[PDB]
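Heads up: the structure comes next, in structure tokens.
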Amino acid sequence: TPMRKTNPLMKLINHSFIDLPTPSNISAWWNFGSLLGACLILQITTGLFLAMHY
Amino acid sequence: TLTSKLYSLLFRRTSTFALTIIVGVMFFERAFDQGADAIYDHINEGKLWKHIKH
Amino acid sequence: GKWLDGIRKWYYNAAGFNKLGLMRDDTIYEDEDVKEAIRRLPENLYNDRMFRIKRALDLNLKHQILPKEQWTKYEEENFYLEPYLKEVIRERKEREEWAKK
Amino acid sequence: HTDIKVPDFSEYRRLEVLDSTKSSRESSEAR
Amino acid sequence: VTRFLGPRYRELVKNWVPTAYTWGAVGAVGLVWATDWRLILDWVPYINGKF
Amino acid sequence: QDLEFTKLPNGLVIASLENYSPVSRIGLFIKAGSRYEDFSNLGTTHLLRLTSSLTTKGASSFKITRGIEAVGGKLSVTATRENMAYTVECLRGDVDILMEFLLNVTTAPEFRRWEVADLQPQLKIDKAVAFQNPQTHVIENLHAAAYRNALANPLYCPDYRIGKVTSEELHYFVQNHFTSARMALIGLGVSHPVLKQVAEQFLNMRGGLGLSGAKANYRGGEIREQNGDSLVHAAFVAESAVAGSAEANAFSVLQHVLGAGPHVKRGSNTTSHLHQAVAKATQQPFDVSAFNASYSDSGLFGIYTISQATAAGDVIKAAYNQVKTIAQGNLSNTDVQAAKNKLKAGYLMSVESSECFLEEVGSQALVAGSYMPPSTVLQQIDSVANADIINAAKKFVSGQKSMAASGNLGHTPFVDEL
Amino acid sequence: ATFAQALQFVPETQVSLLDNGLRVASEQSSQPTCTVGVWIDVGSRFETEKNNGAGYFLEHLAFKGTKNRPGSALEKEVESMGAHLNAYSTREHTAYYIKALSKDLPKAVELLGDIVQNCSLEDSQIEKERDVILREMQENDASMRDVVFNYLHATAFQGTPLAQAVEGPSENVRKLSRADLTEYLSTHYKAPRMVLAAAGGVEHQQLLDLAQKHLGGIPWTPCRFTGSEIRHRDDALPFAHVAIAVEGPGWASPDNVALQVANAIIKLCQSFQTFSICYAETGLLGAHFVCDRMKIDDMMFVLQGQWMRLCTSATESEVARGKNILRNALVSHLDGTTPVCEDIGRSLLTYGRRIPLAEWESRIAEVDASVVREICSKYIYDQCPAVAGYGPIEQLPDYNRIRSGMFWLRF
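Residue numbers (the working numbering), protein chains in the order written: chain A, -7 to 46; chain B, 13 to 66; chain C, -10 to 90; chain D, 7 to 37; chain E, 16 to 66; chain F, 50 to 467; chain G, 13 to 423.
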């Protein structure tokens, strides 16, 4: 068995992200959700560097 | 043939692929930065103070 | 009748599920009653529905459409899931009516 | 089961540069 | 460690030595590029913009 | 060169050849078999031949497997209702290691209970895959329905015994049946002196006889297996003569008169009387053969038919009638000579492969102790006369029948009807 | 004595060339039986779409009648002699052989001539063969391993004539007229495209005389691998079948031995096997395994990991074990008159000469761990594969996943 299916953190990552059954006909709109998370990350990172001087 | 040596030497092993990627990153960074700076300086020549200070 | 049939045909053509080779019952939302109705379908109808849905998904992924000749025709459509779904809904309503007495 | 004929994919295959004596291995390496 | 003392492991290390060297070079050049060390980036023929 | 069945003082019959083939083949044929077990330890032999790779007193399971693989040879175990063969095949320069492995596997096995428990589930899979072809299943039911004491014991462990074969039973069977006087060591590539040396390694083997028992009493019973299969396989048999007898040769020549198997790819079996009879009997696809097995205590000559259920009876009836016609005396001389040619050619062509030659030599050493050259076999086959074949057919027709069938069984006649 | 000495003990196979071109080969031995056969360098690869099933149909009706004697007479003679008449057809080879007694060597050879030179194509027999073959295709549909291998060939070679099955489509066999079979025979069954090979108790001079007598009347005179995939889903089937392969070198290539050693080097899988199917200029090197519905991904991962380990980290002990396994398989396969006769015919058809066992041992001895890993990287590493899956195929990784697994990011 691959290491991704043995380590519990790797288990979670593989099950939720690497090997998640996803419809093939999904259009571009479903991208935005992922983008949202990225935006959040940006707001968490960039804003953090703003807090160091505000 | 070009590919018969290129792919066999550089793109065969992924480690060599990463190595040539990083070397290309260095060279591209230098050359692209120089070219973009030259373009920006030429487009607004005279306005910039690097020319005025002379 | 004739006027209503014309409006219904216009709506069927306007709704694009026929372009993808689908039938009306393939479009119905998969809730519990529809799930059991699908489970009650005969194997041939179940396989035909599965292939039609898969072909529609493949076409939608390619952003393509089945050729105009192969489009489902409003005058030549089978409501295969209607009897099974009606029976399931009837049984559920009977259970609820008994459970409210 | 003998109806194994794969539908034609020629309209999607990478347009070969020329019909040279290049071996299939060399063409795969180039692609 | 005792189990690894054998000819087969020596052959394996010999096989993987080129890969280890290539990855070490990748890491070193990546560090030099990211930090712009300029101790090393002065020797390279190009990339002499650090006047 | 030629073989020489030298018998060691303990009782181990040692035979060697000098075929210069690069693969040296060795075979230890023990007289132990499924017939030598009883109701108490039924199915022991089936697990016994699956424990070849288990750890022994002198070698471990891992050591045995890895050494056999690295050498490139193979250690296999073949089993019949009377004999059990351990056959080891290696390169010419790699004989000693695998011979020691064979010694450890046979003379001093160590049936670790956990290993036996882990191996036991393999019995289900082996039985299932071996029952995939209907012939084996029907023949097993036929042996169960024909004999009652010894040969009725199945080659594959019964379903109820799959998970309850204790290692104590394995040890008891090995130490009561794997004895020097009931074993024979045969080496094809191995030259005689090294074969003598490995036999000397085998010199201190258990005792000098085993718990041989039973007599394989015959019952006219029948086993019916009602299944949903469209095709039905039936096999009805009568007691023939023991193996190694002139009457056994007569029964074999009779089976080749009736038709044992195909001779032309996709052929219609024009010579086969049974195939011709069933062709006019039924039009759907069929397959008819004259089953014939011979043993030390008894024998079984009969008809095996694979047909459609709706026609089943008809088919077998036709086949039966054919033998009856031969019993009446309607046996010409041309087809007799054709069958004799078929038998001689089949024997000689079977002997071609080194594996089958080794098996034949081992069986002869176990049951006779002196090698029978193929010329003598051909002479004995030619000795069979038409009257002897008619007598064999009469014995089959007049004898008590035992039948085993499997399939839809909606039209198959019972033993009394057949 | 030693392995090398034992190989030297093997008798050579005398080869002679007739005037028409027929190549008669033999291997004398002391056995009382023999197997004499005709191997024709004609197969499904040489058949266009119009006659895809021509060779198979001719294999069917070859024993059902010749001009000199009716099919019943031919079969009756074979049975009376005690011999066994058999035939097979591959995508590149055809063979009709007779396993007989040594003293029956003359007649058998004559028989082969009657099968080859003057074959009687009875129209009634042709229709009967049509019906039988239509039944046989549906029968073979049950066997899913052969279906998987046919899928693999079809998806791997596609446009190449090497992808069509030996049996041919149902519509092709239905419409395959007698004239088409006669034209196929005329254009294909001709010397020197044929080899008469015998083994066992046969003298080469006797075989040559018989060939001149009965086989002298014979008339004197771009393959492309596409890494595609096919998956036929059928969840009712108990187990899933998978066959994954990559391009392999043809018969004429020194790398075949190293690839054989690598395959020998190669349990989640219920039944897992490795195949090295070789052709003229192409080939399929890969593995076929049967799986549970829930374990396809793990088995594919294990197989590809073994492939990558061989391509990158091939130690000496494993290569030595593979070489020993290959030697044992080579020697054990050539046991019996039929296997050696088939080897003689095929080797004359593909390699030329007979490639004696001593050369095979020397070539295997040349093989080294470095050679094994180099050739594996040459043919296996980072190569687009051809995949064929027979249902229930759902957990089988998508083609992009398989292709990505065909290489290592660590390497």
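C-beta atoms are modelled at their ideal positions from N, C-alpha and C, and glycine is treated no differently.
Which chain G residues are close to residue i, counting only those with a beta carbon under 9 Å from its beta carbon?
i	result
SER34 of chain D	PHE237, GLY239, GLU259, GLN395, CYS396
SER16 of chain B	Chain G residues near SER16 of chain B: none, gap ~13 Å exceeds 9 Å.
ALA387 of chain F	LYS88, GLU91, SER92, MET93, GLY94
If the cut is a Cβ gap below 9 Å, which residues of chain F does residue i touch?
i	result
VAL128 of chain G	Chain F residues near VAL128 of chain G: none, gap ~15 Å exceeds 9 Å.
Name the chain A residues whose beta carbon is nearer than 9 Å to that of residue i?
i	result
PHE301 of chain G	Those within 9 Å of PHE301 of chain G in chain A number zero; the least Cβ separation is about 16 Å.
Output the boundary residues of the beta strand (DSSP E) element that contains residue i.
i	result
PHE75 of chain G	Note, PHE75 of chain G: premise wrong, no beta strand (DSSP E); not H, not E.
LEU29 of chain G	26 to 29
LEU208 of chain G	206 to 210
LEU21 of chain D	Neither: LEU21 of chain D is in no beta strand (DSSP E) and is coded neither H nor E.
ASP336 of chain F	336 to 338
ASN341 of chain F	341 to 343
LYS(-9) of chain C	Unbroken run through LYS(-9) of chain C is the alpha helix (DSSP H), -9 to 3; no beta strand (DSSP E).
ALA99 of chain G	96 to 101
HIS322 of chain F	Counting along the chain, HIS322 of chain F falls outside any beta strand (DSSP E), though it belongs to the alpha helix (DSSP H) covering 322 to 330.
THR127 of chain F	123 to 128
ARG273 of chain F	271 to 275
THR327 of chain G	That residue, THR327 of chain G, is in no beta strand (DSSP E); it is neither H nor E in DSSP.
Whose Cβ in chain B lies nearer than 7 Å to the Cβ of residue i?
i	result
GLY45 of chain E	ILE34
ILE62 of chain E	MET38, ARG42
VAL41 of chain E	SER27, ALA30, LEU31, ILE34
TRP38 of chain E	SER27
Along chain G, which residues have their Cβ under 8 Å away from the Cβ of residue i?
i	result
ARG25 of chain B	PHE423
Would a check of beta-carbon distances place residue i closer than 8 Å to chain J?
i	result
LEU34 of chain C	The structure shown has no chain J; the protein chains it does contain are A, B, C, D, E, F and G.
Over the uninterrupted alpha helix (DSSP H) stretch that includes residue i, give me the two end residues.
i	result
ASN63 of chain G	Careful: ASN63 of chain G lies outside any alpha helix (DSSP H) and carries neither H nor E.
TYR420 of chain F	Unbroken run through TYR420 of chain F: none, as it is neither H nor E.
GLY395 of chain F	382 to 401
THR286 of chain G	No alpha helix (DSSP H) holds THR286 of chain G; the beta strand (DSSP E) holding it covers 283 to 290.
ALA436 of chain F	435 to 447
Using a C-beta to C-beta distance shorter than 7 Å, which residues of chain G count as neighbours of residue i?
i	result
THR(-7) of chain A	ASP310
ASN390 of chain F	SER92, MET93, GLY94
Which residue from the options puts its Cα closest to that of residue i?
i	options	result
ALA368 of chain F	F:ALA394, F:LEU323, F:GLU409	F:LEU323
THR102 of chain G	G:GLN129, G:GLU71, G:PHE251	G:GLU71
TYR196 of chain F	F:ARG84, F:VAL306, F:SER424, F:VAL62	F:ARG84
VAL258 of chain G	G:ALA264, G:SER240, G:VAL269	G:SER240
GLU271 of chain F	F:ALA309, F:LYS56, F:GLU53, F:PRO462	F:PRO462
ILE17 of chain C	C:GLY(-10), C:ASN36, C:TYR69, C:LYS90	C:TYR69
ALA330 of chain F	F:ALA388, F:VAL302, F:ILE365, F:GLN250	F:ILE365
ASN253 of chain F	F:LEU237, F:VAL243, F:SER240, F:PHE227	F:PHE227
What does residue i touch in chain D if you count any residue whose Cβ is under 8 Å from its own?
i	result
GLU179 of chain G	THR8
Specify whether the segment 175 to 182 of chain G and the segment 65 to 81 of chain G touch according to this definition: at least 3 beta carbon pairs, one from each stretch, less than 8 Å apart.
yes
Flag this pair as touching only if the segment 84 to 98 of chain G and the segment 310 to 319 of chain F have three or more C-beta atom pairs under 8 Å; answer yes or no.
yes
Unbroken stretches of the alpha helix (DSSP H), 4 residues or longer, contained in the segment 216 to 243 of chain G:
216 to 226
Mind pulling the beta strand (DSSP E) runs of 3 or more residues that sit fully within the segment 114 to 171 of chain G?
none
So, do the segment 191 to 202 of chain F and the segment 266 to 275 of chain F have three or more beta carbon pairs nearer to each other than 8 Å?
yes
Alpha helix (DSSP H) segments (min. 4 residues) lying fully within the segment 214 to 260 of chain F
Within the segment 214 to 260 of chain F, the complete alpha helix (DSSP H) runs of at least 4 residues are 216 to 226, 241 to 250.
State whether the segment 245 to 253 of chain G contacts the segment 396 to 403 of chain G, with contact taken as three or more CB pairs (one from each stretch) at a distance under 8 Å.
yes
Are at least three pairs of beta-carbons, each pair with one atom in the segment 128 to 136 of chain G and one in the segment 72 to 80 of chain G, less than 8 Å apart?
yes
Considering only residues of the segment 158 to 203 of chain F, which uninterrupted alpha helix (DSSP H) runs meet the minimum length of 4 residues and lie entirely inside it, listed in chain order?
As for any alpha helix (DSSP H) of minimum length 4 sitting wholly inside the segment 158 to 203 of chain F, the runs are 162 to 168, 170 to 179, 183 to 195, ordered along the chain.
Would you say the segment 161 to 171 of chain F touches the segment 240 to 259 of chain F, given that touching needs at least three Cβ pairs under 8 Å?
no
Would the segment 124 to 140 of chain F count as touching the segment 68 to 80 of chain F if we require 3 or more Cβ pairs under 8 Å?
yes
Between the segment 213 to 233 of chain G and the segment 263 to 272 of chain G, do three or more beta carbon pairs fall short of 8 Å?
no
So, does the segment 288 to 307 of chain F touch the segment 437 to 452 of chain F, judging by three or more C-beta pairs under 8 Å?
Yes: at least three Cβ pairs fall under 8 Å.
Just checking, does the segment 138 to 156 of chain G make contact with the segment 51 to 67 of chain C on the three C-beta pairs under 8 Å criterion?
no
Does the count of Cβ pairs from the segment 206 to 216 of chain F and the segment 90 to 101 of chain F closer than 8 Å reach three?
yes
Can you find at least 3 beta carbon pairs, one from the segment 411 to 419 of chain F and one from the segment 230 to 245 of chain F, that sit closer than 8 Å?
yes
Inter-stretch contact (C-beta, 8 Å, three-pair minimum) for the segment 339 to 353 of chain F and the segment 118 to 129 of chain G
no
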